[PDB]
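Trainee: Hey, dropping my_file39.cif in here, mmCIF, C-alpha atoms:
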data_work
loop_
_atom_site.label_atom_id
_atom_site.label_comp_id
_atom_site.auth_asym_id
_atom_site.auth_seq_id
_atom_site.Cartn_x
_atom_site.Cartn_y
_atom_site.Cartn_z
CA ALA A 1 -10.17 23.03 11.20
CA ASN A 2 -9.42 19.53 9.87
CA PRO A 3 -6.46 17.98 8.08
CA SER A 4 -6.94 16.22 4.78
CA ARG A 5 -6.49 12.48 5.02
CA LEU A 6 -5.63 9.42 2.91
CA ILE A 7 -7.15 6.08 3.88
CA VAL A 8 -6.36 3.14 1.57
CA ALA A 9 -8.52 0.05 1.68
CA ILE A 10 -9.16 -3.15 -0.26
CA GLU A 11 -12.55 -4.53 -1.20
CA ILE A 12 -12.58 -8.31 -1.61
CA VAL A 13 -15.21 -11.02 -2.30
CA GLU A 14 -15.14 -14.73 -3.19
CA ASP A 15 -16.18 -15.36 -6.80
CA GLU A 16 -15.64 -17.37 -10.00
CA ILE A 17 -13.15 -15.32 -11.94
CA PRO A 18 -11.44 -16.08 -15.19
CA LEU A 19 -8.08 -17.86 -15.07
CA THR A 20 -6.46 -16.68 -18.27
CA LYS A 21 -13.78 -20.27 -14.60
CA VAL A 22 -12.25 -21.18 -11.22
CA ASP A 23 -12.78 -20.27 -7.58
CA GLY A 24 -10.70 -17.35 -6.34
CA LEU A 25 -11.11 -13.66 -5.50
CA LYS A 26 -12.50 -10.36 -6.84
CA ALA A 27 -10.55 -7.40 -5.48
CA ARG A 28 -10.37 -3.65 -5.83
CA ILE A 29 -8.42 -0.86 -4.18
CA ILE A 30 -10.60 1.92 -2.78
CA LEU A 31 -10.24 5.11 -0.73
CA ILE A 32 -12.18 5.84 2.44
CA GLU A 33 -13.10 9.49 3.05
CA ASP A 34 -12.99 10.25 6.76
CA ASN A 35 -11.19 13.09 8.58
CA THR A 36 -13.48 12.82 11.58
CA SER A 37 -12.55 9.51 13.18
CA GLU A 38 -9.40 9.26 15.22
CA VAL A 39 -6.62 7.83 13.10
CA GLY A 40 -6.42 4.03 13.41
CA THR A 41 -10.10 3.38 14.05
CA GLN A 42 -11.41 2.42 10.66
CA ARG A 43 -13.30 -0.88 10.74
CA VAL A 44 -13.55 -3.85 8.37
CA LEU A 45 -17.02 -3.39 6.87
CA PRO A 46 -19.23 -4.83 4.07
CA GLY A 47 -18.66 -3.05 0.75
CA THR A 48 -21.00 -2.73 -2.20
CA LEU A 49 -19.68 -5.73 -4.13
CA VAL A 50 -21.69 -8.93 -4.42
CA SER A 51 -20.70 -12.34 -5.67
CA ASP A 52 -22.08 -13.88 -8.86
CA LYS A 53 -21.21 -17.32 -7.51
CA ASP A 54 -22.90 -17.59 -4.10
CA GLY A 55 -24.56 -14.27 -3.20
CA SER A 56 -21.86 -13.39 -0.66
CA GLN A 57 -20.98 -9.80 0.07
CA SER A 58 -17.61 -8.06 -0.20
CA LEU A 59 -15.74 -6.74 2.82
CA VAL A 60 -13.62 -3.58 2.94
CA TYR A 61 -10.37 -3.74 4.83
CA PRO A 62 -8.68 -0.51 5.80
CA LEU A 63 -5.02 -1.09 5.00
CA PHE A 64 -3.32 2.19 5.87
CA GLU A 65 -4.06 5.74 6.90
CA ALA A 66 -2.13 9.01 6.57
CA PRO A 67 -3.19 12.49 7.84
CA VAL A 68 -1.72 15.64 6.25
CA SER A 69 0.49 17.82 8.49
CA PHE A 70 -1.35 21.12 8.06
CA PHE A 71 -4.88 22.53 8.15
CA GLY A 72 -6.71 23.40 4.99
CA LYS A 73 -8.26 22.32 1.73
CA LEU A 74 -4.81 22.73 0.18
CA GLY A 75 -3.73 19.57 1.99
CA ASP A 76 -5.85 17.85 -0.68
CA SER A 77 -2.95 18.63 -3.01
CA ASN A 78 -0.88 16.08 -1.13
CA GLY A 79 -1.03 12.41 -2.13
CA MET A 80 1.16 9.41 -2.91
CA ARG A 81 2.21 6.41 -4.99
CA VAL A 82 2.99 2.83 -3.93
CA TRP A 83 4.17 -0.25 -5.74
CA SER A 84 5.63 -3.68 -5.01
CA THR A 85 9.10 -4.86 -6.00
CA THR A 86 9.76 -7.64 -8.52
CA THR A 87 12.64 -9.92 -9.55
CA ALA A 88 11.74 -8.77 -13.04
CA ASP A 89 12.80 -5.12 -12.96
CA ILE A 90 15.49 -2.72 -14.02
CA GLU A 91 16.08 -1.68 -10.39
CA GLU A 92 16.82 -4.36 -7.88
CA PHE A 93 15.75 -4.62 -4.25
CA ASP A 94 16.82 -6.36 -1.06
CA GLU A 95 16.16 -9.99 -2.04
CA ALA A 96 17.97 -11.43 0.99
CA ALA A 97 16.09 -9.13 3.30
CA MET A 98 12.82 -10.42 1.92
CA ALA A 99 14.11 -13.93 2.11
CA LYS A 100 15.18 -13.59 5.73
CA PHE A 101 12.02 -11.88 6.96
CA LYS A 102 9.59 -13.49 4.52
CA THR A 103 7.97 -10.20 3.65
CA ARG A 104 7.49 -7.99 0.60
CA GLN A 105 9.38 -4.84 -0.35
CA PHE A 106 7.48 -1.82 -1.52
CA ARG A 107 8.27 1.58 -2.85
CA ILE A 108 6.22 4.59 -1.78
CA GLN A 109 6.62 8.10 -3.14
CA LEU A 110 4.92 11.30 -2.01
CA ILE A 111 3.53 13.66 -4.65
CA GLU A 112 1.81 17.03 -4.96
CA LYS A 113 -0.48 18.78 -7.43
CA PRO A 114 -0.71 20.56 -9.77
CA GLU A 115 -0.57 17.63 -12.14
CA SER A 116 2.20 14.71 -14.28
CA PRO A 117 2.10 15.35 -10.51
CA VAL A 118 5.15 16.72 -8.77
CA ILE A 119 7.35 14.40 -6.67
CA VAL A 120 8.27 15.39 -3.14
CA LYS A 121 11.82 14.18 -2.66
CA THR A 122 12.82 12.72 0.67
CA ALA A 123 15.17 14.71 2.89
CA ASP A 124 18.25 12.80 1.71
CA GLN A 125 17.01 13.77 -1.76
CA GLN A 126 15.79 10.42 -3.12
CA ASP A 127 12.75 10.11 -5.38
CA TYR A 128 11.16 7.42 -3.28
CA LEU A 129 11.30 5.48 -0.02
CA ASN A 130 11.85 1.73 0.27
CA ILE A 131 9.51 0.21 2.84
CA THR A 132 7.95 -2.93 4.25
CA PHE A 133 4.56 -2.90 5.92
CA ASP A 134 5.94 -5.17 8.58
CA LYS A 135 7.93 -4.32 11.68
CA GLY A 136 11.40 -5.61 12.48
CA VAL A 137 12.77 -5.62 8.97
CA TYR A 138 16.29 -4.22 8.72
CA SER A 139 18.04 -3.90 5.38
CA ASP A 140 21.77 -4.16 4.90
CA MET A 141 21.37 -2.89 1.33
CA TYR A 142 19.95 0.45 2.42
CA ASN A 143 21.35 0.20 5.94
CA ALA A 144 17.98 1.22 7.28
CA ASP A 145 14.86 0.03 9.04
CA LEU A 146 12.21 -0.49 6.38
CA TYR A 147 9.00 -0.43 8.37
CA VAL A 148 6.80 2.35 6.96
CA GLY A 149 5.29 3.39 10.30
CA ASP A 150 8.76 3.92 11.75
CA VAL A 151 10.50 5.57 8.85
CA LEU A 152 8.32 7.62 6.48
CA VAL A 153 7.52 10.80 8.34
CA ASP A 154 11.07 10.76 9.72
CA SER A 155 12.47 10.39 6.20
CA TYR A 156 10.57 13.29 4.64
CA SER A 157 11.67 15.49 7.50
CA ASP A 158 14.84 17.35 8.54
CA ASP A 159 15.22 19.29 11.76
CA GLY A 160 18.10 21.15 10.07
CA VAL A 161 20.95 20.35 12.45
CA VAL A 162 23.89 18.72 10.73
CA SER A 163 21.96 19.91 7.68
CA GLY A 164 22.18 23.60 8.56
CA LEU A 165 19.07 24.52 6.60
CA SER A 166 15.56 25.54 7.64
CA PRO A 167 13.86 22.63 9.40
CA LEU A 168 12.02 20.51 6.81
CA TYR A 169 8.70 18.84 7.63
CA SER A 170 6.81 15.95 6.10
CA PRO A 171 3.51 16.59 4.28
CA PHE A 172 2.15 13.57 6.15
CA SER A 173 2.30 13.64 9.94
CA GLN A 174 1.85 9.87 10.46
CA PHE A 175 1.55 6.62 8.61
CA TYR A 176 -0.77 4.18 10.43
CA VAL A 177 -0.75 0.59 9.27
CA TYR A 178 -3.67 -1.79 9.89
CA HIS A 179 -1.50 -4.84 10.63
CA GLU A 180 -4.29 -7.23 11.51
CA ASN A 181 -6.30 -6.31 8.41
CA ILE A 182 -3.23 -6.71 6.20
CA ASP A 183 -2.43 -10.13 7.61
CA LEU A 184 -6.09 -11.11 7.11
CA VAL A 185 -5.95 -9.91 3.50
CA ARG A 186 -2.66 -11.59 2.64
CA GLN A 187 -3.63 -14.95 4.08
CA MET A 188 -6.77 -14.84 2.01
CA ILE A 189 -4.82 -14.26 -1.21
CA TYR A 190 -2.04 -16.69 -0.30
CA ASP A 191 -4.57 -19.48 0.38
CA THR A 192 -6.68 -18.78 -2.70
CA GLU A 193 -3.61 -18.84 -4.86
CA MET A 194 -1.86 -21.88 -3.37
CA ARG A 195 -5.04 -23.72 -4.21
CA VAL A 196 -5.58 -22.19 -7.66
CA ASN A 197 -1.95 -22.24 -8.78
CA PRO A 198 0.14 -24.42 -6.46
CA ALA A 199 3.38 -23.96 -8.38
CA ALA A 200 3.26 -20.32 -7.15
CA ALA A 201 4.52 -21.61 -3.80
CA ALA A 202 8.00 -21.67 -5.34
CA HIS A 203 8.66 -17.99 -4.82
CA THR A 204 5.58 -17.10 -2.80
CA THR A 205 6.46 -19.17 0.27
CA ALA A 206 4.72 -17.08 2.93
CA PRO A 207 1.51 -15.04 3.19
CA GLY A 208 3.82 -12.24 4.18
CA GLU A 209 5.18 -12.12 0.65
CA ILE A 210 1.85 -11.25 -0.97
CA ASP A 211 1.62 -7.90 -2.79
CA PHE A 212 -1.84 -6.81 -1.74
CA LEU A 213 -1.72 -3.49 -3.64
CA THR A 214 -0.80 -4.20 -7.23
CA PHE A 215 -1.16 -7.94 -6.90
CA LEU A 216 2.04 -8.88 -8.58
CA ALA A 217 3.86 -11.97 -7.39
CA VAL A 218 7.55 -11.76 -6.69
CA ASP A 219 8.39 -13.31 -10.10
CA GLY A 220 6.60 -10.40 -11.65
CA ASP A 221 3.48 -12.24 -12.61
CA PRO A 222 -0.01 -11.22 -11.48
CA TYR A 223 -1.58 -13.78 -9.18
CA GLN A 224 -3.82 -16.26 -11.02
CA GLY A 225 -6.35 -16.29 -8.17
CA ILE A 226 -7.12 -12.58 -8.31
CA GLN A 227 -9.17 -10.63 -10.77
CA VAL A 228 -8.43 -6.93 -10.29
CA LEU A 229 -11.08 -4.27 -10.83
CA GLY A 230 -9.81 -1.04 -12.40
CA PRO A 231 -11.49 2.32 -12.83
CA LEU A 232 -13.85 0.75 -15.35
CA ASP A 233 -15.13 -1.30 -12.38
CA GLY A 234 -15.15 1.05 -9.37
CA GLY A 235 -11.51 0.62 -8.49
CA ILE A 236 -8.25 2.41 -8.21
CA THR A 237 -5.04 1.43 -9.96
CA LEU A 238 -2.03 1.83 -7.67
CA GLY A 239 1.52 1.57 -8.99
CA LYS A 240 4.30 3.89 -10.23
CA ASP A 241 1.72 6.04 -12.05
CA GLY A 242 -1.12 5.37 -9.65
CA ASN A 243 -1.89 8.67 -8.00
CA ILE A 244 -3.91 8.92 -4.80
CA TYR A 245 -4.58 12.16 -2.90
CA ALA A 246 -5.62 12.98 0.62
CA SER A 247 -9.01 14.62 0.97
CA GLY A 248 -11.65 16.18 3.19
CA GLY A 249 -9.61 19.25 4.14
CA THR A 250 -11.65 21.93 5.92
CA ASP A 251 -10.78 25.61 6.57
CA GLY A 252 -13.37 26.98 8.99
#
Just dump the structure as structure tokens.

Mentor:
Amino acid sequence: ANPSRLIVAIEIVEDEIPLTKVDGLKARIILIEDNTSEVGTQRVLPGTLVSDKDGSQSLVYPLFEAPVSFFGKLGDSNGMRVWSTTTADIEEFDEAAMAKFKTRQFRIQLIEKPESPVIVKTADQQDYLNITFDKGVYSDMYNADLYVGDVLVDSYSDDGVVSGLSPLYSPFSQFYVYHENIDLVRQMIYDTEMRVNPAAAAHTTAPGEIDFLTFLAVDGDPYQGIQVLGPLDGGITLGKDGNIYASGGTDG
């Protein structure tokens, strides 16, 4: 009756964190479980976090949302991984593209259980897809558009034409990005950090360059104005090994 679904969100509050206090942010990645609402209609809402500093309450910002392509509880076997790029790693990434468009480059990969989980290769047979959460970014390195919304489904799909094989379809039928929420979240972290650690403006020159998922700065270094909350603290670790699955699949 109902597809499984993945909704990724971020819970943030203002608090005194440690700076290894100081005034910055307490954040944690969370999943919202809803297969009822129409896709793209999650709201920013107060979470369960409170602030030791001033009694303020956390807010929860839906970031993105992806429905599974097919009915059934088995759709709950679909999920994904996501991580930001860094001028610290083994692989490189499109540094001039980022420069030009002042946005951050991310890698997303689809996965399936049984779990390590199994990696769903893209059509062109790559292990992962290079994306930006912003529109208009075109990469000369990968000669592709990078915007997730425009490219993911399409990339894990293959109508079979010049391919000659059985049409291939993506396990996720659409990737909806909450642009406004993301911009709201990045600004928040950009501001906080420019204040806390103003040298960080050297490579983080725009709010659009903020990694709001794994909270690494471009240089590779985790922002000094964020204190991340892992599973110990009600959170979810994203990243190369950070597995998240769709849910709420119903058979009827």

Trainee: Which residues match the PyMOL selection byres ((chain A and resi 229-240) around 6) in the file above, as a PyMOL selection string?

Mentor: chain A and resi 28-30+82-83+228+241-242

Trainee: With only C-alpha atoms as the basis for distance, which of A:145, A:154, A:209, A:134 is at the shortest distance from residue 177 in chain A?

Mentor: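 Closest candidate: A:134.
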
Trainee: Quote the spacing between CA of residue 61 in chain A and CA of residue 245 in chain A in Å to one decimal place.

Mentor: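 Atom-to-atom, CA of residue 61 in chain A and CA of residue 245 in chain A are spaced 18.6 Å apart.
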
Trainee: Using the chain letters and numbers from the file, give me the residues hit by the PyMOL selection byres ((chain A and resi 138) around 12), as a ChimeraX atom specification.

Mentor: /A:94,96-101,103,105,130-132,134-137,139-148,150-151

Trainee: In Å, rounded to a single decimal, give me how far CA of residue 123 in chain A is from CA of residue 158 in chain A.

Mentor: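 So the two atoms, CA of residue 158 in chain A and CA of residue 123 in chain A, lie 6.2 Å apart.
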
Trainee: Written as an mmCIF file with C-alpha atoms, in the frame of the given file, which residues does the PyMOL selection byres ((chain A and resi 58) around 8) give for the file shown?

Mentor:
data_model
loop_
_atom_site.group_PDB
_atom_site.id
_atom_site.type_symbol
_atom_site.label_atom_id
_atom_site.label_comp_id
_atom_site.auth_asym_id
_atom_site.auth_seq_id
_atom_site.Cartn_x
_atom_site.Cartn_y
_atom_site.Cartn_z
ATOM 1 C CA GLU A 11 -12.550 -4.530 -1.200
ATOM 2 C CA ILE A 12 -12.580 -8.310 -1.610
ATOM 3 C CA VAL A 13 -15.210 -11.020 -2.300
ATOM 4 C CA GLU A 14 -15.140 -14.730 -3.190
ATOM 5 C CA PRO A 46 -19.230 -4.830 4.070
ATOM 6 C CA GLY A 47 -18.660 -3.050 0.750
ATOM 7 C CA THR A 48 -21.000 -2.730 -2.200
ATOM 8 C CA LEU A 49 -19.680 -5.730 -4.130
ATOM 9 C CA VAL A 50 -21.690 -8.930 -4.420
ATOM 10 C CA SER A 51 -20.700 -12.340 -5.670
ATOM 11 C CA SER A 56 -21.860 -13.390 -0.660
ATOM 12 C CA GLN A 57 -20.980 -9.800 0.070
ATOM 13 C CA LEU A 59 -15.740 -6.740 2.820
ATOM 14 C CA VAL A 60 -13.620 -3.580 2.940
#

Trainee: Report, as JSON, the axis-aligned box around all atoms of range 200-206 of chain A present in the file, extended by 5 Å on each side; give centre and edge lengths in Å to one decimal place.

Mentor:
{"center_x": 6.0, "center_y": -19.4, "center_z": -2.1, "size_x": 15.4, "size_y": 14.6, "size_z": 20.1}

Trainee: Can you tell me which residues surround residue 18 in chain A at a distance of at most 12 Å, considering all atoms listed in the file, apart from same-chain residues fewer than 3 positions away, and format the answer as a PyMOL selection string?

Mentor: chain A and resi 15+21-26+196+223-228

Trainee: How far is it from CA of residue 80 in chain A to CA of residue 40 in chain A, in Å with one decimal?

Mentor: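 If I compute the distance from CA of residue 80 in chain A to CA of residue 40 in chain A, I get 18.8 Å.
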
Trainee: Here is a test: counting all atoms listed in the file, which residue of A:210, A:118, A:246, A:1 is nearest to residue 85 in chain A?

Mentor: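 Closest candidate: A:210.
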
Trainee: For residue 117 in chain A, please output as a compact mmCIF listing (two decimals) with C-alpha atoms, in the frame of the given file all residues within 10 Å (counting all atoms listed in the file; exclusion window: fewer than 6 positions along the same chain).

Mentor:
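Contents of out.txt, freshly written:
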# COMPACT_ATOMS: atom_id res chain seq x y z
CA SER A 77 -2.95 18.63 -3.01
CA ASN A 78 -0.88 16.08 -1.13
CA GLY A 79 -1.03 12.41 -2.13
CA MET A 80 1.16 9.41 -2.91
CA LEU A 110 4.92 11.30 -2.01
CA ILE A 111 3.53 13.66 -4.65
CA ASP A 241 1.72 6.04 -12.05
CA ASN A 243 -1.89 8.67 -8.00

Trainee: Could you give me, as a list in words, the residues within 9 Å of residue 84 in chain A, counting all atoms listed in the file and dropping anything in the same chain fewer than 4 positions from it?

Mentor: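 So the residues in contact are residues 104, 105, 106, 107, 108, 211, 212, 213, 214, 215, 216, 217, 218 and 239 of chain A.
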